[PDB]
Structures are given as structure tokens and as C-alpha cells.
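Remarks on the structure that follows.
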Amino acid sequence: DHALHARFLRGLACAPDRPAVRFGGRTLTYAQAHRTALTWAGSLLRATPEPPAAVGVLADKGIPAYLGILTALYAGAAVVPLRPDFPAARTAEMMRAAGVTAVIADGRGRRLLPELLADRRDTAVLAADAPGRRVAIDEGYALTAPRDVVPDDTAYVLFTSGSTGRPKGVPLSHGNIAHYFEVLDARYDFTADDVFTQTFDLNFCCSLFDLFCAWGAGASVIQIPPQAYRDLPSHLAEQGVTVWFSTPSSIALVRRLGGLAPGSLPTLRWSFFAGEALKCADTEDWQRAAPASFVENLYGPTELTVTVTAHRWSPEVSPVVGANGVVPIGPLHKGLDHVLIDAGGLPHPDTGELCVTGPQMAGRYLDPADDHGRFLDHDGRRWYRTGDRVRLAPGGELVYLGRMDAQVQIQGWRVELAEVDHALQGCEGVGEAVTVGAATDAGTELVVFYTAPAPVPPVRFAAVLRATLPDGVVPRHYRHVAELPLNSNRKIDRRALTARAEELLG
Amino acid sequence: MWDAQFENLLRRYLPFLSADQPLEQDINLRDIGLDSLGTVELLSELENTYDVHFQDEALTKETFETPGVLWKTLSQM
Ligand code: NA
């Protein structure tokens, strides 16, 4: 009942022969997905000495990955989404940290396993289409029913950026996620007729919304493939899409390529944005394109289980509540509580760092070391510290003001500047390298300043960085300078260099 | 051997490739900077500049992997 996979069962009971997934021109019904997840999880549990605590899903987005997610939950394990396009080192660190003892892998996933399992040779490997132990898949080995779980069982492991390059692992319990979907189940009105976008990559918290708002309701998630973005009206109309969820970036993209011409997106009933500052001017173009749609801004870090706020766009309210042409994030989820900590570590009635407690709070990372500075003890309760400065209005509407620290958001990608700096020490022909976030029309862009006898080809930076960093976080701006400036206490001056970055880009 | 228009256009989306270094028939476009945003913009630009339409059939996982495949796909329209 608190079980994530129970939401897929709710859909199965409601809409067995309706689509649960449309992807690459293929349809997977709830019945088809159920029977395959029972087979795969049965076969897997047959092949492992113990029920695995953590199952890696090492596949591109698609049907093999969705079946893999269900298989992991059904086996009573934590889902650990892995990206075949990530550098092997990053993927290996995620599998290590998450204690992954079994991998569900597509074609592309399987090519990486010789390297990834080099000395995890134990690992069970289920093919979704000589290191590792090949799982024999047979309907004879099927579970008849999915394994039950307790609220404190880890349902998902997701990684956020770390200051030493090593990513922080967030275990989300079935209980964490059940509190989330109780709030969303009550707020929204999804039915088995709805068709939801699946724009979020499966290593990101917001993909849970796409999959489990859909599946909980008997709806379908659909592929929004790269080419749809240059004719979104035709794609949304042909496929009868009724729920949009993406980053704000996609608004500017769709407008540039195909327009966001008013009345061009009539099929949409819900339009959701999360992961970057949402601009009022962008939201208004999207509302006028999708006039039958409610438009909502959703905010939250991985550590508070996907989203903790929601603001409904109204041309009459949002710019009044909001500041600087940015749409507000909205009031805290019912059943959560916040305290605002100012820059001195003291509570403030209406302005400071947002800290959150209640059943959506993870409460820890996989590695206890990551906990330091990320939790608060106040009023006899443990709060998570977002690093996000907010203002509170009477009636509870929250406005995002900026970051307290030196973490940045590049499109949706939350990254510590220290993560990029650590990777750059590896680089050749370079004296010193420092990464800054440059405020641009597009939000924030990584820029590297570096000393050297001569400029260093971007490809040389890229070659080193791609060995440990996902491409999302690999900068495209490299500026050779004679001298890097130092501050009061003789550390490189990132304030001065952020300003120089800004004046180079706009 | 693709035309100048094709290469000039493709180069605007490959920021880990200097102007003075040639574009190889099957360098990995990902490795010289093509991200998922550039891929969409690139698709749009090719359709507008060559007055062609990429059908969902011809848009495999491979189409935008290398210059040689993209040009083969494009000139076959
Ligand atoms: Na205002």
C-alpha cells in the first residue's frame, strides 16, 4: 500500500489492456508489463543467492528500462537507474555506493559490463532485449506475485553532485515516495485516459513523477523524441498527450523551432515545469499555446523526494507573488514543515535558507560523510538544508531568491563548481583551472578560467573531463588568462571571475 | 564528400572542434561536443536548409552519431 510498485498494480487493476508505455512505436500494456516484471524478477531471484538490496537498471530510456524499474521494485529491491552514456568511472562509483549486486541492462548497457564488473564478477546480469553471471529468463521462474516491502525499505537510489567529484547517494524509502504521491494523488485528477510525457532521464528524481503519476492512474507515459521538439503541436496532437512535464529550457527551445503560437497545444490539460527558475514571460507563452491547460511550477531537491512545492500560474497572481519576472515555487507540501535559516544560522520569520522535515525527507546519504552541513537540528527535529534562499508570504507561497553557497544549476543539472575543479586537476598543458557559473539569458553556463603558456584546445579539456564528468556538466567555455586573481585570504577570487565570465557572455 | 553548407552548419554545434582541424567521416559527434539540444537544433537546420523532412523511421539512435551517417541519411532524400 506504501509500496511504489503498488501504484503500478493500482493501474494494472484499473486499466489492464490499456497502454502503460508507448516508446519507439511499440506499445506495452499494464498486463504485458506485469507478466514480464514477474518473469524477470522471478528469474533474477532464482539466480541471486539473496534477494538483492539494489538492482542497477543500465539501459537507455525506453521499454527495457521501464520493465527494469518494475522488475527491481517487484523483487523488493531499490531501483538504481544508471546511464549507459555516463563515463564508466561515474557508473562504477554509483553501482559501488548503492551496493548493486544485480544489473538489468539493454544492448548498450551490456557493452559497458566487461569494464564495470571487472572486479564485481559476482553481479547477476539480466539481458533486457566473461564478467557478470547471466540470468536465465523463463516464465517457469516467474514470481506469481510481487514481493511486499516495509516503509523503511529503499525503493530508489539517485545521485546528486559531490564537492570531491564523488556523487552523493540518496536512498528514497517506499515511505518517502508514498507521502509524495499521497499529496499529488489528492491535488491532481489523473485518469487512465491521460497520456504523460517522459522527458526526464531515469537517473533524475522528476522521472518518478512521469512514471508513477501515469502508472498510479492507469495512464500511459509516451516518448517525446528529439525531432518532436521542432514540431511539438503535430506530435502532441497525433499522440493525444494531456500532461506535459519538463524543465523551463524546453519552452524557449519549442518557441524557437516551431513557435509556441497561441492555441497550438490544445490537447494539454496539465503543464508542469521544474528544475530551473521559470520566467513569467515563458510561462505566459506556454499558457497561451496550451489554453485548456493548468500550468504549475514544481520545486524540490532529490533529498526531499522529487518536489516539495507547487505554484499554479495565473497572469493576475504569479507576477504579484513572484519577483524579478520569475514564477514563484509555491507553498510547502501538506505534512512537511519548513524553517528559514539566515546566513548566521539563526531562524528568520520570512527570508533565509529553506530547511524541510517530515516524511518526504531522505534523512541521510548512503555515505555518512556526505551528511555534514546538509542537516540541521532545531526544535527537536532533523531538517534537510536545501542551500536554496527563499522568501515566505502570508498564506505560505514561497519565492526562490538564489543559492546560499557555490552550487549551480546548468539547465536542470545541479552541480558543485568544486566537482568540475577536481576533474580539471587531471588536465595537461594547464597551470591552474577554476570553474565559475555565469548568469546568462539561458540561466547559468560553466566557464573555465585557466593559466598556461598558450591556449589549450577545448577538446583536451573535454577528453579529461569526460573520463569522470557526465557531459551535462562538461563546460563549453574555456578562457586562457595571464593571472588568476586571489582574494583577501589568498584563495582564487571566484566573485571577480564570475563577473568577468558574465561580461564575456553578455 | 559532403558540401561546405553541411560542414559549416554542423561545425556551429561542435565546440570541442577548432576551425583549423578537419571534420572526419566517422569522428563521434558526441566527443566533439554535440549535446541533445544541438541535435534538435541541427535536425531543424538541416530540414530548413535542404528543404527535406526526416521521417521517424530514418531517425535511428545512429543518425547523429557520426558525420558520415548523418550526410548519408540526408543526401538519401
Ligand atoms: Na511581485
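Overview of values
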read-out: For the range A:393-408 versus the range A:99-128, the gap between their alpha-carbon centres in whole angstrom; value: 41
read-out: Residue-averaged beta-carbon neighbours from other chains (10 angstrom radius) around A:224-230; value: 6
read-out: Sorted by Cβ neighbour density within 10 Å, fewest at the top, the residues B:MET77, A:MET404, A:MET95, B:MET1; value: B:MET1, B:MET77, A:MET404, A:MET95
read-out: Cα centroid separation - the range A:224-287 against the range A:313-384, whole Å; value: 29
read-out: Rg/Rh ratio calculated on Cα atoms of chain B (Kirkwood radius); value: 0.92
read-out: MRE, 222 nm, helices only [DSSP H, n ≥ 4, -39500 (n - 2.57), over chain A, to nearest 500]; value: -8500 deg cm²/dmol
read-out: About the Cα centre, charge dipole magnitude for chain A (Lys/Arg +1, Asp/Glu -1 at Cβ), debye; value: 840
read-out: Relative contact order (percent, whole number), chain B, Cα cutoff 8 Å, 6+ residue spacing; value: 35
read-out: Relative contact order (percent, whole number), the range A:30-104, Cα cutoff 8 Å, 6+ residue spacing; value: 39
read-out: GNM result for chain B, Cα springs below 10 Å: residue of B:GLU47, B:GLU57, B:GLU65 fluctuating most strongly; value: B:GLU57
read-out: Only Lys, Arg (+1) and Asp, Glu (-1) charged, at Cβ; the range A:4-173 dipole about Cα centre in debye; value: 360
read-out: Cβ-based exposure ranking for A:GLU182, A:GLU93, in which fewest neighbours within 10 Å come first; value: A:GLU182, A:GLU93
read-out: Overall form of the range A:152-257 per C-alpha gyration tensor (a/c, 1.5; a/b vs b/c); value: oblate
read-out: Three-way shape call for the protein assembly as shown based on the alpha-carbon gyration tensor, with the a/c threshold at 1.5; value: rounded
read-out: Set of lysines near B:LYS61 by C-alpha distance (under 17 Å), chain-local residues within fewer than 8 positions excluded; value: A:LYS61, B:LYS72
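Since every read-out is calculated from the coordinates, none of them should be taken as a lab result. Cβ coordinates were reconstructed from backbone atoms using ideal geometry, including for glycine residues, and neighbour counts include every protein chain displayed.
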